[PDB]
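Colleague: Below are the C-alpha cells for one structure; questions will follow.
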Amino acid sequence: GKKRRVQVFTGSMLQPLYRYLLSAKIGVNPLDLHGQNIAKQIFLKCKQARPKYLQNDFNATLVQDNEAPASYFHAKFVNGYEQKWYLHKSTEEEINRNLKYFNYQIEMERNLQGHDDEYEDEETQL
Amino acid sequence: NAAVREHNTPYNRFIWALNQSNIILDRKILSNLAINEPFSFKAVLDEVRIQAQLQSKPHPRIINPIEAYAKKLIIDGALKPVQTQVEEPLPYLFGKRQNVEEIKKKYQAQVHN
Amino acid sequence: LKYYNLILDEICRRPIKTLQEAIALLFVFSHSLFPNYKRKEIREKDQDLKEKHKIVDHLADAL
Amino acid sequence: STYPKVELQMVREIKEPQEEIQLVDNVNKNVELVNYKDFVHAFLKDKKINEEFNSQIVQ
Amino acid sequence: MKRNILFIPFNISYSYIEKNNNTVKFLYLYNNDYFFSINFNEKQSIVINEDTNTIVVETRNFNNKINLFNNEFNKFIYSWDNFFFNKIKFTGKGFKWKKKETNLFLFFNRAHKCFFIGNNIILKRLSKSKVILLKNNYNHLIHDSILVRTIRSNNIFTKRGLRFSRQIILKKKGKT
Amino acid sequence: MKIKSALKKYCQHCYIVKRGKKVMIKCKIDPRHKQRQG
Amino acid sequence: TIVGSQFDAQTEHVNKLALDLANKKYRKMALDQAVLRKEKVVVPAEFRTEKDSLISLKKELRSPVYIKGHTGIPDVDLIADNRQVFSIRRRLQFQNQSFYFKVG
Amino acid sequence: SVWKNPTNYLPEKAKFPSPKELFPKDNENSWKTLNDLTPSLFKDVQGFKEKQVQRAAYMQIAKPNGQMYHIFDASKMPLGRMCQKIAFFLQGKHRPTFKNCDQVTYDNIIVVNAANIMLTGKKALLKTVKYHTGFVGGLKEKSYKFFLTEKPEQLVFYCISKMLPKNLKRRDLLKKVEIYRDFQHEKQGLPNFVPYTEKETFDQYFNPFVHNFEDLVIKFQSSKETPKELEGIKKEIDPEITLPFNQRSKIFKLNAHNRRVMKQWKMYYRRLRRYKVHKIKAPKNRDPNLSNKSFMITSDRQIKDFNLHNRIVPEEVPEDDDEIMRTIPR
RNA sequence: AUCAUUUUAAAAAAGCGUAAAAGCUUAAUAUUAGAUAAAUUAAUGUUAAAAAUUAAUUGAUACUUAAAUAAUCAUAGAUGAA
Ligand SMILES: [Mg+2]
Ligand SMILES: [Zn+2]
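Sequence lines, in order, name chains AM, Au, AS, AJ, Ag, AG, Az and Ao.
Residue 76 in the authors' numbering is what sits at position 18 of the first sequence, and the numbering runs on without skipping anything.
Residue 162 in the authors' numbering is what sits at position 105 of the second sequence, and the numbering runs on without skipping anything.
Residue 381 in the authors' numbering is what sits at position 62 of the third sequence, and the numbering runs on without skipping anything.
Residue 158 in the authors' numbering is what sits at position 38 of the fourth sequence, and the numbering runs on without skipping anything.
Residue 155 in the authors' numbering is what sits at position 155 of the fifth sequence, and the numbering runs on without skipping anything.
Residue 15 in the authors' numbering is what sits at position 15 of the sixth sequence, and the numbering runs on without skipping anything.
Residue 92 in the authors' numbering is what sits at position 67 of the seventh sequence, and the numbering runs on without skipping anything.
Residue 220 in the authors' numbering is what sits at position 193 of the eighth sequence, and the numbering runs on without skipping anything.
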C-alpha cells in the first residue's frame, strides 16, 4: 500500500515490572491451590520474558517448601529493598501495583545519583 | 374564571356541573353576583358542585401563610446583614493527628445525640 | 429436577416404622428415577447416585 | 380572606430504578464440573445444511 | 465486572468500622501526621488484603465515576511523605541554562527573557542537559514542567530541542 | 483537518472523539487522517 | 497432532474407530436421502379475520399464512408467529415434509 | 494436615525514606501541598443526595386600601414562570373587577434577589438578546452572561414588556414595578423572604466522631498499634471481609436479570446529565504573587506591574553546577 | 498447485513491510486469574444396563445476517433576529 513516513517512538515510556530485580525466590506449598499457580506464572515471566529489560545478574529460582505457612514470592531490588508476598489470597494484579510502588521510587533514587535507567526511543514504535 | 378560583375550582368544571345541574342561571348574573352580591355566588357554587358530585381541592403548592412563618420561610420585619459565606462543608474528613483530641470534642459534644 | 428433590428431601424427614412401607418405596423409586438425558450436560459428578443413597441409607435399617 | 397567600418553588423527584439486584447462593464453590456430551450422538445427528447457499458460494 | 483496586502505601495504617445497625460502613486512614476517612454505600461491597495493602470494590450502582475516584484516592495518599518526580532534557548547539535557587534561566535562541520561577517546588541540576523537578502534587508539576517545554519542543525533523525524559517522540525525514 | 460530512476511517488506528456537539477523527500514526464533521 | 507422534505410534491401531465410524453415518445418509422420517409435526395457529391487518401483526411479530388448495378444495389463510416459520425451514426435510396446522 | 489459612505470618514491610531525610535545607511546602481533591465526585459517587428543600417563591398581600402587593424571589422559580404571572397579576386578570379600559390599577409588584436567577438548562450561556439602533450595521446582540452578572434587572424588566399587551396602558403598569438585588425590599409594613444559607452537613455518614462509640463496631484493623483516638469500640473481626467475592456465600452473578437492571441504571445517569446546573464562571486574575504554581517572567513589564525584583535572583551571585548525591540515607 | 509434517495450535498464508532478504500483525491456540451457560414442551404402563436416549423452542454472551426508531451535524447571501 502506502509507506509510513511519520515515525512515532514509544521507547522511553516503556516501563516493565521485573527490571529493577536482582533475584527472586518462589515458594510453594503443595497444599495451596490458588497460591501455587499464581507463582507458576510469575516464574515464567522472570525467565520466559526478555533479558534486555532485566538486570544482568537476575537469577530466579523455585523451591517446594512444605514448612511455609503459604506460598510466597520473595524479591530483592537494586538499592537495598527486599520483601515477601504470600499468595494464598492475592491475585496477579494486586502484586504488580506493589512492584510499581517500588519501581516508581527507584527511579527517584537512581536519577538523583545521575543514572540513566531509561531506554532509547527507537526500541518500540506504535 | 377568577372569582371561582378563589374557591379552588376552575371555570370549565364549574359550568360542566351547571348544565348537569337543575339550575338555569346565565353567565351574565354569575358575573354580577361575584362582584356585587358575592355571598350568593358561593351559595350557587356549592349545589352545582354537589349535584354533580364534584369535590374541590387547592393547588398543592399552596401553604396556609401562618404555617409559612412558623417554618421560618418568611418574616414580617426587616432582615439582618448576612454573615460571611461559610466554607463549603466537605464530603470528606481530614486533618492532622496532632489536633484530633481538640477536634473530637467539637464533633462529639455538640452532636453527641 | 427441582421438585424431585423436594419429594426426597421430604422422605428424608419422615421416618418409616414398618416393612411394607420400605417395599412400597423401592418398587416405586425403581421405575421412577430421573433419567440422565433430562439432566443438564454440566453437573456435579455422579449426582444421580447421590439421589439414590439418600433413600437407601434411609431404608437400610428397616429392610 | 384569601389574599395573604403564599406558594412554593418546585421540587424535582427523580426516581432510582425499582427493579433490584438478585444475589445468589454459591453452590459450585468447592466443586469441579465436567461435561457429559456424547460426541458420537452429536456427529450422527443430521442437521440442516444450507445447500442452496453452498452452491452460490462456489462460482 | 470491573473490580477496581485501591492501593494503600506501607507507611499508612487503616481501620474499618460499622454500626450495630449495619446500615453504615466507613473506613479510616491514619498516619503519624494526617488522618482521613471515607464511606461506602450499601451497594458497594469490599475486600481487603494485608498481604498487599490493596482493597477491591464492586459497585451494584454501576457508576462510572469510580475510575476517577481511584486516581484521586490513590495519589492523595502517596502524596503523604513521598514526592512525584519528572526529568527534562535538551539537545542542541546554542542552548544552555543556569540554575540559582529554584530560579532557572533559559537561553534558547529568543530575544526575550525566559526566566522560570518555582513556587514550592524542588529543582536540582544533575548535568548541563538535564534537570529534575520534585513536588508532592502531580497536577502542579506538569503545569510547572510544561512551561519549560513550550519554549522549545522537539522538531519533528530532528530530535533537537527540549523534551521530557519519558514521552512519545515524533520523527520525520528531512534533507536526505 | 478537513471537513468531511461523511466521516471515514482510513487506517485501523483512526478513532472517533466527541466533544459536545463536535465530532472528529484522529490517528496516532498519520495526522493527516483527521477530520471534522461540518 | 493433538498428541505427540511418539505416543501415536503406540496407539496407531486405535484409529480404526475413526474410520469404522464414518462407514456408518455416510452410508446411512446416502441411503436415507430418499425416505421421509416418520415423525409428526404440528403448528398451533389462529384463523384469519378482516381486522388483523399486516402491519398490526408485524409489530406483534406474527405472520400471515396462505394455502392454495387443490381440486374442489377451498383456500385457507391463517396467522402464525414468525419463529414457527423459520423453525419449519430449519429441518433437513423442508422441501417436502408434511406440516400440520392446529387452529382448534 | 490440610490447608488452613494462617493467622500471624506477616513480615516487616520496608519503610521508605522521608523527604526530610532526603532533602533537608529546602522548601517544606513541597511535601505539604497535597494533591487536589475534587469534592463534586464524592457526592455523586458515594451517594449523597441533598434533601429536597421547598422554600417560598411568591406571595400576595392585601391592604385595607384597594392596593394589593405581589412579591417574588427570583432565585427560586425560573425567569419565565415568574414573568408570566406578573403580566397576569399586574393587569388584574385575577381581580374579577377587571376592565381592560381602566386608567387606574390597584396592583403593585416587588421583586428581590435578582442577582441569583434560576434558568433551567444551558440557557444562561447560549441565549442572547438582540436589538437595532437606527444606524446601518447595528444589530447588537448581547448575552445573558452580561445581564445575569452586571445588570440583571433590565432582563426581568425586558421580558415582562414582551408578555404584556402591546398598547399605551403598558407604561402606567411598568411604572409600578420594583426590583432589587439584595435579599430585602426597602418598603415597610410588608414581609421579606427568609434566605436559605444553610448547607447540609453529610458528616454522619463518613465520620465516627459524630456518632457515639457504643453504636459502632470495628470489623477489621491492620496493625497491632491501636489508635488512642479510637477507644471504646468493640472488635468483632469478620472472617468475611478478606474473603474475595468467590469464597463468600453470596456472589453477585451477572445474569439476564441483573444485566436487565444494569441497563436501567445506565439510562439513569444519562437521564440525569440533563438535570444539571450550569454556572457562569467568573473572570480571572493571573497575579503570580497569589498562586501556588510556578510561572514565567518572559518580559520586563511583568516585573514592574507585580514588583518581582525580589524572587528574581541577582546577577551578582555564583551558580550551581551539579547536585548529584551518591548515598541515600536511611 | 493448495500437498505434508512437527506441535497443545499455527493459512504454499487474509494484510502491512523489503532492491530481493530480514522484520511486524491477524485466523488457529495455550498457562494463570476473573467470569456467561438459565428457563421449558411432546412420547412406549414396569424392567435393558459394570454403559447408551430422539424431534423442538425461548433467553444471557461472542462471531454473523442485517434493518428500524430517536436526537445531532449535513455553509450561506447582500437596508436589520427576519
Ligand atoms: Mg507454510
Ligand atoms: Zn489514521
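Virtual Cβ for every residue (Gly too), placed ideally from N, Cα, C.
Taking only beta-carbon positions, decide if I169(Ag) is within less than 7 angstroms of chain AM.
Modeller: Residue mapping note: residue 169(Ag) aligns to position 169 of the fifth sequence, counting from 1. Taking Cβ atoms only, chain AM reaches closer than 7 angstroms to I169(Ag), which makes this a yes.
Colleague: Any beta-carbon of chain AJ closer than 7 angstroms to the one on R286(Ao)?
Modeller: What you label residue 286(Ao) is simply residue 259 of the eighth sequence in a count that begins at 1. No, no contact with chain AJ.
Colleague: Quick one: Cα of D134(Ao) to Cα of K103(Ao), how far?
Modeller: Here residue 134(Ao) refers to the residue found at position 107 when the eighth sequence is read from its first residue. Here residue 103(Ao) refers to the residue found at position 76 when the eighth sequence is read from its first residue. If you take the alpha carbons of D134(Ao) and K103(Ao), they lie about 22 angstroms apart.
Colleague: Ignore the nearest five residues each way along the sequence and tell me which others in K149(Ao)'s own chain have a CB closer than 7 angstroms to its CB.
Modeller: Sequence index remark: in the eighth sequence, residue 149(Ao) carries index 122 (1-based). The residues are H305.
Colleague: Tell me, please, whether the stretch 42 to 55 of chain Ag touches the stretch 165 to 179 of chain AJ by the rule of three or more beta-carbon pairs shorter than 8 angstroms.
Modeller: With the cut-off at 8 angstroms, the stretch 42 to 55 of chain Ag and the stretch 165 to 179 of chain AJ do not touch.
Colleague: Taking 7 angstroms as the limit, name every residue whose beta carbon sits nearer than that to some heavy atom of ligand 2, in sequence order.
Modeller: Ordered along the chain, the selected set is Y10(AG), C11(AG), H13(AG), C14(AG), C27(AG), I29(AG), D30(AG), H33(AG).
Colleague: Counting only C-beta atoms, is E63(Au) closer than 7 angstroms to chain AJ at any point?
Modeller: For the purposes of this step, residue 63(Au) is taken as the residue at position 6 of the second sequence. Yes, its Cβ sits closer than 7 angstroms to a Cβ of chain AJ.
Colleague: State the DSSP-derived secondary structure class of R275(Ao), mapped to helix, strand or coil.
Modeller: As a working mapping, residue 275(Ao) is identified with position 248 in the eighth sequence. Coil.
Colleague: Identify whether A166(Au) lies in helix, strand or coil by the three-state DSSP scheme.
Modeller: Residue numbering aside, residue 166(Au) sits at position 109 when the second sequence is read from its first letter. Three-state result, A166(Au): helix.
Colleague: What in chain Ag is Cβ-close to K153(Au), meaning under 7 angstroms?
Modeller: If you number the second sequence from 1, residue 153(Au) lands on position 96. In chain order: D33, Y34.
Colleague: Would you mind sorting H159(Ao) into buried or exposed? The rule is 16 or more other CB atoms within 10 Å of its CB.
Modeller: On the eighth sequence, residue 159(Ao) is found 132 positions in, with the first residue counted as 1. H159(Ao) comes out exposed.
Colleague: Run through the DSSP bridge pairs and tell me what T59(Ag) is partnered with.
Modeller: In the fifth sequence, residue 59(Ag) corresponds to position 59, counting from 1. Paired residues: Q44(Ag).
Colleague: Per DSSP, which residues does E168(Ao) bridge with? Please list them.
Modeller: Numbered from 1 along the eighth sequence, position 141 holds the residue referred to as residue 168(Ao). Answer is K157(Ao).
Colleague: Using a C-beta to C-beta distance shorter than 8 angstroms, which residues of chain Az count as neighbours of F159(AJ)?
Modeller: As a position in the fourth sequence, residue 159(AJ) is number 39, starting the count at 1. Residues of chain Az passing the Cβ test: none, with the nearest at roughly 10 angstroms.
Colleague: Is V204(Ao) near ligand 3, in the sense that its beta carbon is under 6 angstroms from a heavy atom of that ligand?
Modeller: By its list of ligands, the structure shown excludes ligand 3, since it contains just ligand 1 and ligand 2.
Colleague: Just to confirm before moving on: does the CB-CB distance between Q108(Au) and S78(Au) stay below 7 angstroms?
Modeller: Position 51 of the second sequence, counting from 1, holds the residue named residue 108(Au). Position 21 of the second sequence, counting from 1, holds the residue named residue 78(Au). Yes. Within cutoff.
Colleague: Applying the 10 Å Cβ sphere with the 16-neighbour rule, what's the burial state of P310(Ao)?
Modeller: For the purposes of this step, residue 310(Ao) is taken as the residue at position 283 of the eighth sequence. It is exposed - the Cβ of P310(Ao) has fewer than 16 other Cβ atoms within 10 Å.
Colleague: According to a CB-to-CB cut-off of less than 8 angstroms, which residues of the stretch 267 to 294 of chain Ao neighbour chain AJ?
Modeller: Cβ contacts with chain AJ: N273, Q274, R275, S276, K277, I278, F279, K280, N282, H284, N285, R287, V288, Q291, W292.
Colleague: Assign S276(Ao) to one of two classes, buried (16 or more other C-beta atoms within 10 Å of its C-beta) or exposed (fewer than that).
Modeller: Reading the eighth sequence from its first residue, position 249 is the one you call residue 276(Ao). Per the 10 Å Cβ criterion, exposed.
Colleague: Would you list the one or two residues that DSSP bridges to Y130(AM)?
Modeller: On the first sequence, residue 130(AM) is found 72 positions in, with the first residue counted as 1. According to DSSP, which records beta bridges pairwise, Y130(AM) is partnered with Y144(AM).
Colleague: If you measure from the beta carbon of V47(Ag) to each beta carbon in chain Ao, is any gap under 7 angstroms?
Modeller: In the fifth sequence, the residue the question calls residue 47(Ag) occupies position 47. Interface residue, yes.
Colleague: Going by beta carbon distance, what residues of the same chain come within less than 8 angstroms of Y171(Ao), once the five residues before and after it are set aside?
Modeller: Taking the first residue of the eighth sequence as 1, we reach residue 171(Ao) at position 144. If we look at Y171(Ao) and ignore the five residues flanking it on each side, its Cβ neighbours are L146, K150, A151, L152, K154, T155, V156, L182.
Colleague: Name the chain Ag residues that come within less than 8 angstroms of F67(AM), Cβ to Cβ?
Modeller: Reading the first sequence from its first residue, position 9 is the one you call residue 67(AM). Those are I168, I169, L170, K171, listed as they occur along chain Ag.
Colleague: Tell me, please, whether the CB atom of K28(AG) is closer than 7 angstroms to any CB atom in chain AM?
Modeller: For this step, residue 28(AG) is matched to residue 28 along the sixth sequence. Yes, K28(AG) counts as interfacial toward chain AM.
Colleague: With DSSP collapsed to three states, give me the class of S88(Au).
Modeller: Numbered from its first residue, the second sequence carries residue 88(Au) at position 31. DSSP places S88(Au) in helix when its eight states are reduced to three.
Colleague: Identify which residue in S129(AM), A82(AM), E140(AM) has its Cα closest to the Cα of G93(AM).
Modeller: On the first sequence, position 35 is the one that residue 93(AM) refers to. Of the candidates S129(AM), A82(AM), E140(AM), the one whose C-alpha sits nearest the C-alpha of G93(AM) is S129(AM).
Colleague: When the Cα atoms are used, what is the spatial distance from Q113(AM) to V154(AJ)?
Modeller: Taking the first sequence and counting its residues from 1, the one referred to as residue 113(AM) is at position 55. Taking the fourth sequence and counting its residues from 1, the one referred to as residue 154(AJ) is at position 34. Computed Cα separation, rounded: 45 angstroms.
Colleague: Would the stretch 135 to 148 of chain Ag count as touching the stretch 3 to 10 of chain AG if we require 3 or more Cβ pairs under 8 angstroms?
Modeller: Touching, no, given that fewer than three Cβ pairs across the two stretches are closer than 8 angstroms.
Colleague: Please report the Cβ distance between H97(Ao) and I136(Ao), rounded to the nearest whole angstrom; I am assuming they are in contact, meaning their Cβ atoms lie under 8 angstroms.
Modeller: The residue given as residue 97(Ao) occupies position 70 in the eighth sequence. The residue given as residue 136(Ao) occupies position 109 in the eighth sequence. The Cβ separation is near 5 angstroms, so the contact holds.
Colleague: With a threshold of 7 angstroms between beta carbons, is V151(AJ) in contact with chain Ao?
Modeller: For the purposes of this step, residue 151(AJ) is taken as the residue at position 31 of the fourth sequence. With 7 angstroms as the cut-off, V151(AJ) does not count as an interface residue toward chain Ao.
Colleague: Under three-state DSSP, which class holds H377(AS)?
Modeller: Looking up residue 377(AS) in the third sequence gives position 58. Helix at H377(AS).
Colleague: Kindly indicate which three-state DSSP category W292(Ao) falls into: helix, strand or coil?
Modeller: Translated into the one-based positions of the eighth sequence, residue 292(Ao) becomes position 265. Helix.
Colleague: Can you check whether the C-beta of residue 36(AM) is within less than 7 angstroms of a C-beta belonging to chain Ag?
Modeller: Absent from the structure is residue 36(AM), since the part of chain AM shown begins at 59 and ends at 184.
Colleague: For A84(Ao), return the contacting residues in chain AJ, with the cut-off set at a CB-CB distance below 7 angstroms.
Modeller: Counting from 1 along the eighth sequence, the entry for residue 84(Ao) is found at position 57. Chain AJ residues near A84(Ao): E127, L128, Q129.
Colleague: Are there 16 or more other CB atoms within 10 angstroms of the CB of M54(Az), so buried, or fewer, so exposed?
Modeller: Counting from 1 along the seventh sequence, the entry for residue 54(Az) is found at position 29. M54(Az) comes out exposed.
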